[PDB]
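Each chain is listed here by its residues.
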Amino acid sequence: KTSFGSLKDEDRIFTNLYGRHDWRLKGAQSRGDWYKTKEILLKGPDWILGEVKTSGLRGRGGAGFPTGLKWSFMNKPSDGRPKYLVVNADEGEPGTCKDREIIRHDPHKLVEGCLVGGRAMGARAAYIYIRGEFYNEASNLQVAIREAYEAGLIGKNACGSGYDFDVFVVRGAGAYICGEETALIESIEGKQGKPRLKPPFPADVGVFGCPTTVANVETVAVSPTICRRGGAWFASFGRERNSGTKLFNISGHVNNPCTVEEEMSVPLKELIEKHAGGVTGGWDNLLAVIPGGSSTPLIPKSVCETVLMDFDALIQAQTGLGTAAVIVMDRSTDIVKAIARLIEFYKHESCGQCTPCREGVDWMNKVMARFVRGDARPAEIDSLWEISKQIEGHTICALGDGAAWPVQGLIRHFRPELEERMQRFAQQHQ
Amino acid sequence: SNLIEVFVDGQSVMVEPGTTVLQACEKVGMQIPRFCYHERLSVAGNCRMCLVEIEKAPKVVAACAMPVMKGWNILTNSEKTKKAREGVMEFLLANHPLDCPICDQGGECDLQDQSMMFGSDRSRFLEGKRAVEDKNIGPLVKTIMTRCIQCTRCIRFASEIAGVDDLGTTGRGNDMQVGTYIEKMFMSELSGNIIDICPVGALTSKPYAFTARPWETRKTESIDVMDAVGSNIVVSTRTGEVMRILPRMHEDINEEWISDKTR
Amino acid sequence: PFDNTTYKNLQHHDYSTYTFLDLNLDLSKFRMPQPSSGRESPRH
Amino acid sequence: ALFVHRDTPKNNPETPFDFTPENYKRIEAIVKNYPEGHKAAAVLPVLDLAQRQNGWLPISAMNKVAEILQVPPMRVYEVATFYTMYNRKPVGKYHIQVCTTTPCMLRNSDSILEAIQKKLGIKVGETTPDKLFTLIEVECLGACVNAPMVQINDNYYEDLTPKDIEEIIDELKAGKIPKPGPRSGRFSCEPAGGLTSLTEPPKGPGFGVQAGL
Ligand SMILES: NC(=O)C1=CN([C@@H]2O[C@H](COP(=O)(O)OP(=O)(O)OC[C@H]3O[C@@H](n4cnc5c(N)ncnc54)[C@H](O)[C@@H]3O)[C@@H](O)[C@H]2O)C=CC1
Ligand SMILES: Cc1cc2nc3c(=O)[nH]c(=O)nc-3n(C[C@H](O)[C@H](O)[C@H](O)COP(=O)(O)O)c2cc1C
Ligand code: SF4
Ligand code: SF4
Ligand code: SF4
Ligand code: FES
Ligand code: FES
Ligand SMILES: [K+]
């Protein structure tokens, strides 16, 4: 298989993505959810971890770590501490609105994912750390969890398997940083959402100091479909090391901004011109695309023509796949205003723990605020580049990286527009 | 013995498992720079001044928090270790106030000294600096929170050694502030020791304020008599007048702290 | 019958400000007994 | 916008706060979601519960959450000042939150911020004099394909125009509660000109299930 995309509706994992079917238990059981869950759980942890490792599932949260290799870190004998699957439903990334759709429209798929993943990792309970802004989605998921407790699908003797497993929902309180897994762990523990340093990875010391795996809503909700359909079925999509399907959020300057489930290595132009109705003003009106939400660097129109929407082809396009949140920016966009508003987001959403993010993201926001007006001299472009390189890899979590990278992409692909901004400032003010 | 072998700049050293990178470099006589690490407080890892290159690793590690794995070669003086130190010192000094003449910490400032030893000689910060509202935590500790570099030694001392739980961080990002959030008075029997471990002049001694300056003081090593603990102290004088009383480290008595009556 | 034309998720139009917490209170009877660390708090 | 507390006569440690008894049963249900010995993990819900009863957080709700969870009060003040939802000043009855990050800015959130400002006669951060509307300007709310959008107290109002948000403020001032949805033709997040996917009926239970299961 050399061409990708054009995913059929029989291959969709997230049927009822759009809210057109019943999200409750009667609607979910007639779409395939909770089918033979007892038979999956009674095949033990090793079979489920083998199905996830065989599927080539990489972490849908945005980093793309191998999910079965990640979840096998819990597969070890206990030492008195309980074990916890913690589901990352925070989703603070600008551009990203897919986990909201999973929680709002396919909640039992997430609950069965919690059960299957927690059985795979020996977890006692599931904390679904949901965004506090998603109040309707959290009450929606709580109604589904009540339907799962009353059907005997979770809790004491889950699905008739003799495995006891609770599913808790924890609401956030308005922090983007509480999507990061250790800061999310600190936020569940009743503290400020400040990221822990690594090591200890959360499989050693996680929530309450227990063994813990934090996993995205999307990489959890696909796991019972992987265990039913087979790992080879999931691995038959996308390129190699880029297996499966993916939810995409096309937003910004397209005709039809939408969430859509697509095969992994689909071209960006095919995705936009098929599911989004194209760029406003046609494809020739395209200026730039932030491929995967705010933390990934932008790519210009010449790179968007041939690139594939998986992890490896976007790393080769010197950006990241990220959360697969495609923000489209047409030729009428002030791109420095957009990237500076993005860096303004990153300084309003930065917890303040370590020095390079706490100081340098505010200092990058001040430099970007002068760059929008042109109130600068061109030697401050390169300086800002080095400022980004002083934040990148020097911080605790990757929010410092996620604030350095849009600056780097903007400079790398749009230095002359910055320079002409500054020189027209210099000629109209001096 | 189950000692693992690590390397500091190629020099082999046998360390106990669980030892951090900073302690392994301490064992060869190298002192990694630090602001939030303190050997009598818990590990914070939030100033990033101790970032050091492990070779064949494309990312510096917080040496105060990272444990040594067997076979690491800690490059305490490689080029990217020094670039990390200069970058982190640049961010520490970006919003820091130009108060070095009017600051009691001047001459005995960790921030000044390892700005001289490990950071750049000049500035690229062409912006306006933040200014933090001061706090009132008592008659012993003068509080000038613009000088704060958010190392949280306040909070770890007050929580872990003094056992008080009144200091904390409010806010988020660059607007994050250290304080009690209310008009509350931090009066422990060990409250003046936060003057010692604050690396900057954000917490200073209100009785000692402005009177002396560290290079001109003479340091007489002596004994506390305010109790029968027998704390080891430095009576620092100047021209025949007692200026202040600092602690001496004695591991078996007063580890490096003194009481407020002693101070 | 099959229907793909309406939006079936109309429940959240009727949620109040205590919907989540009353649902958690309803769920409290179903749950497994919590583990204990052996002390009342880390300050005990 | 400050992160130190100054005792005013309406915000002081003797401002009357106490939970209702049904809120105490809700707090018992919250604390039972966490292991014994980690009651402090219930700081964030219970404090938010204190905001859902009182509308905002004086510093006696913080002290009550610190007292009934046996945590120090500074550990509650850190949570209350870290997280952007805890209102440490009394907001109006409808707390309008306009998202102005880049996916909502590219679909003209500035027009709707301006329309709310010229409908309410206030600007960002102010409250209307009848204490009904507090207009602030927030970051990404996770409704990016439904740009531009706002949030009112629990609800997302999506795919907005200036006329739509004027109509929403009209039927908020009339006492009614509007529908939390996209004000365009679509329902939740689908492509607006018809479905580009999922047009088939779902296959049902047992489709594609591998052998040996
Ligand atoms: N989904 C969203 O809303 C957002 C997603 N992101 C994305 O998140 C990514 C950055 O997140 P991080 O978690 O910091 O990335 P990555 O450095 O940490 O690690 C990914 C996952 O693998 C695990 N892991 C990695 N190495 C491990 C090891 N040796 N042992 C055990 N576990 C290991 C980590 O615990 C983590 O859960 C970026 O790609 C960014 O685009 C960023 C912001 C928002
Ligand atoms: C600042 C920051 C915010 C993050 N926010 C989220 C998030 O909101 N949701 C999410 O699933 N992952 C988020 N992540 C990625 C997590 O660290 C982690 O990789 C993920 O939640 C779980 O791993 P997974 O991809 O295997 O599911 C964030 C990372 C960082 C650095
Ligand atoms: S880099 Fe920013 S987001 Fe990460 S621990 Fe530091 S202050 Fe927090
Ligand atoms: S704390 Fe140190 S660097 Fe800051 S003003 Fe005082 S002497 Fe200067
Ligand atoms: S006042 Fe001093 S000890 Fe306290 S956090 Fe700031 S720099 Fe550290
Ligand atoms: S000393 Fe290690 S980061 Fe502060
Ligand atoms: S950008 Fe406004 S909701 Fe995400
Ligand atoms: K000091």
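Residues numbered from 1 in each chain as written, not as in the entry; some residues may be left out. Chains lettered and ligands numbered in written order. Part of a larger assembly, values for the part shown. Heavy atoms only, no water.

Let's talk about the overall build of chain B
The condition is simple: Segments assigned H or I by DSSP are reported as helices when at least four residues long, segments assigned E as strands when at least two residues long, and all are numbered from the N terminus. Each radius of gyration reported is based on C-alpha atoms, and the globular scaling rule is 2.2 Å times the count of residues to the power 0.38. Per-residue accessibility, obtained with a 1.4 Å probe over protein chains only, is compared with the maximum for each type, and a residue is labelled buried under 20%, exposed over 50%, and partly exposed between these values. Contact definition: two residues touch when any of their heavy atoms are within 4.5 Å. We get accessible surface area from the Shrake-Rupley algorithm with a probe of 1.4 Å; when it comes to residues, only the shown protein chains can shield them. When charges are counted, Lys and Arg contribute as positive and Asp and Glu as negative, whereas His and the chain ends are disregarded. A charged residue contributes its charge at one atom only: NZ of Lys, CZ of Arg, CG of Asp or CD of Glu.
Summing up its helical and strand segments, chain B has 5 helices and 12 strands in all. On C-alpha atoms alone, chain B measures out to a radius of gyration of 20 Å, which is about the 18 Å that the 2.2 N^0.38 rule sets for 263 residues. Over its C-alpha atoms, taken along the principal directions, chain B stretches across nearly 50 × 50 × 40 Å. Expressed as a percentage of its 263 residues, the buried residues of chain B come to 57%. Across chain B, every contact between residues at least 6 apart in sequence was considered, and the portion connecting residues at least 24 apart equals 59%. Element-wise, carbon and sulfur atoms account for 51% of the exposed surface of chain B, whose accessible area totals about 12,100 Å². Computing the positive centroid from 31 side-chain charges and the negative centroid from 36, chain B places the two 4 Å apart.

Concerning the interface of chain D and chain A
To keep it simple, the criterion reads: When two components associate, each loses some accessible surface as probed by a 1.4 Å sphere; the sum of these losses over both components is called the buried area. Salt-bridge detection follows one rule: a side-chain nitrogen of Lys or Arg within 4 Å of a carboxyl oxygen of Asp or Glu. Only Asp, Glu, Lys and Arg are considered charged in this grouping, and only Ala, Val, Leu, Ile, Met, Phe, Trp, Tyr, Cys and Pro are considered nonpolar; every other residue, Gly among them, is considered polar.
Chain D puts 64 residues into the contact, and the matching count from chain A is 85 residues. Across the interface of chain D and chain A, roughly 6,000 Å² is buried in total on both sides, 59% from carbon and sulfur atoms. The interface formed by chain D and chain A contains 4 salt bridges. Note that A:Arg100 is salt-bridged to D:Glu158, the shortest N-O span being 2.7 Å. Looking at side-chain class alone, the side of chain D that touches chain A contains 33 nonpolar, 20 polar and 11 charged residues.

Re the nonpolar core
Note the following rule: By nonpolar core we mean a set of buried residues, namely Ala, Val, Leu, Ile, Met, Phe, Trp, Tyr and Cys, connected to one another through side-chain atoms within 4.5 Å.
One finds A:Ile128, A:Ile145, A:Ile188, A:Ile250, A:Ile335, A:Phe371 and B:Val21 to be the most contacted residues of the largest nonpolar core, which totals 228 residues. For this core, the leading source of residues is helix α14 (residues 335-348) of chain A, giving 9 residues. Apart from the residues within four sequence positions on either side, B:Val21 is in contact with B:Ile32, B:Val52, B:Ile54, B:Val61, B:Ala63, B:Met66, B:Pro67, B:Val68, B:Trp72 and B:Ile74. Formed by 35 residues, the second largest nonpolar core is a distinct cluster that contains B:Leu41, B:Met89, B:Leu190 and B:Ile194.

So, the environment of B:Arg122
Inspection of the secondary structure assignment puts B:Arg122 in the loop between α3 (110-118) and β6 (141-143). Linking B:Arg122 and B:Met243, residues 121 residues apart in sequence, is a C-alpha distance of 34 Å.

Considering the coordination of the potassium ion (ligand 8)
Residue and element names in this part refer to chain B. The cut-off we apply is this: Each metal site is built from N, O and S donor atoms within 2.8 Å (3.2 Å for Na, K and Ca), and since water is not included, such sites may look incomplete.
Taken together, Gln105 (OE1), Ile195 (O), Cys198 (O), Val200 (O) and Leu203 (O) make up the full set of protein donors to the potassium ion (ligand 8), lying 2.9 Å away. Coordination of the potassium ion (ligand 8) draws on donor residues from a single chain, spaced Q-x89-I-x2-C-x1-V-x2-L in sequence. Of this pair, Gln105 sits in the loop between α2 (79-94) and α3 while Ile195 sits in helix α5 (residues 193-197); the two residues are 90 residues apart in sequence, bridging distant segments of the chain. One exposure class covers both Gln105 and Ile195, and it is buried.

So, the packing of helix α1 (residues 21-31) of chain D against helix α2 (residues 43-54) of chain D
Residues and elements named next belong to chain D. The cut-off we apply is this: Orientation is described by lines fitted to C-alpha atoms, with helices fitted over the stretch in contact, and by angles between N-to-C directions that extend from 0 to 180 degrees. For classification purposes, an angle smaller than 35 degrees is called roughly parallel, one larger than 145 roughly antiparallel, one from 65 to 115 roughly perpendicular, and anything else oblique. Crossing handedness is read from the near helix: turned anticlockwise from the far helix by less than a right angle, it gives a left-handed crossing, and turned clockwise, a right-handed one.
α2 packs onto α1 with a crossing angle of 160° between their chain directions and a minimal axis gap of 10 Å. What the angle tells us is that α1 and α2 run roughly antiparallel. With respect to the hand of their crossing, α1 and α2 are arranged in right-handed fashion. Here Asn23, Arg26, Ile27 and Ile30 of α1 lie close against α2, whose contacting residues are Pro45, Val46, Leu49 and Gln53. In terms of residue class, the contact of α1 with α2 is built from 5 nonpolar, 2 polar and 1 charged.

Some words on the site of ligand 4
What counts is decided by this rule: Proximity is defined per residue: if any heavy atom of the residue lies within 4 Å of a molecule or strand, that residue is considered near it.
As a structural note, the neighbourhood of ligand 4 is formed by B:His96, B:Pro97, B:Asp99, B:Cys100, B:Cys103, B:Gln105, B:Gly106, B:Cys109, B:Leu111, B:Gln112, B:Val200 and B:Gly201. Taken together, the residues of the shell around ligand 4 break down into 6 nonpolar, 5 polar and 1 charged.

Overview of helix α7 (residues 135-150) of chain A
Residue and element names in this part refer to chain A. This is how the line gets drawn: Each residue after the first adds 1.5 Å to the expected span of a helix.
When the terminal C-alpha atoms of α7 are compared, their 22 Å separation across 16 residues agrees well with the 22 Å that a helix rising 1.5 Å per residue should span. For α7, a buried count of 14 out of 16 residues is recorded, marking the element as mostly surrounded by other parts of the structure. Positioned one or two residues after α7, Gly152 has a phi angle of 75°, which is positive.

Some details on the domain arrangement of chain B
Residue and element names in this part refer to chain B. For the record, the criterion: Here the bounds of each domain stem from an automatic or database domain assignment.
Under the domain assignment, chain B is made up of domain 1 (1-212) and domain 2 (213-263). Taken together, the contact between domain 1 and domain 2 spans 23 residues of the former and 19 residues of the latter. Taken together, both faces of the contact between domain 1 and domain 2 bury some 1,700 Å²; the carbon and sulfur share is 46%. Among the residues domain 1 hides against domain 2, the three largest losses belong to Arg40, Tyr208 and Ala212. Together they make up 36% of the total. A salt bridge links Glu256 to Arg40; the shortest N-O distance between them is 3.7 Å. Looking at which element gives the most residues to the side of domain 1 that touches domain 2, the answer is α5, with 3 residues.

What to know about the site of ligand 5
Surrounding ligand 5, one finds 13 residues, the nearest of these being B:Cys148, B:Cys151, B:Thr152, B:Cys154 and B:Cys198. By residue class, the composition of the shell around ligand 5 is 10 nonpolar, 2 polar and 1 charged.

Section: the sheet that holds strand β10 (residues 218-223) of chain B
Residues and elements named next belong to chain B. As a reminder of what qualifies: Any two strands are treated as partners once DSSP identifies two or more bridges connecting them.
Here we have 3 strands laid out as an open sheet, ordered β10-β11-β12, and antiparallel in their pairing. The open sheet has two edge strands, β10 and β12 (241-247), and neither has a second partner. Looking at each pair of strands side by side, their axes are set apart by 30° on average, direction ignored. The pairing of strand β11 (residues 232-238) with β12 spans 6 bridges and is antiparallel.

What about the sheet that holds strand β1 (residues 84-89) of chain A?
All names here are of chain A. Pairing within the open sheet is parallel, and its 4 strands lie in the order β3-β2-β1-β4. Strands at the two margins of the open sheet, each flanked by one partner only, are β3 (166-171) and β4 (212-216). Recorded for the sheet is a direction-independent mean angle of 20° between the axes of neighbouring strands. When β1 meets β4, the two strands line up parallel, connected through 5 bridges.

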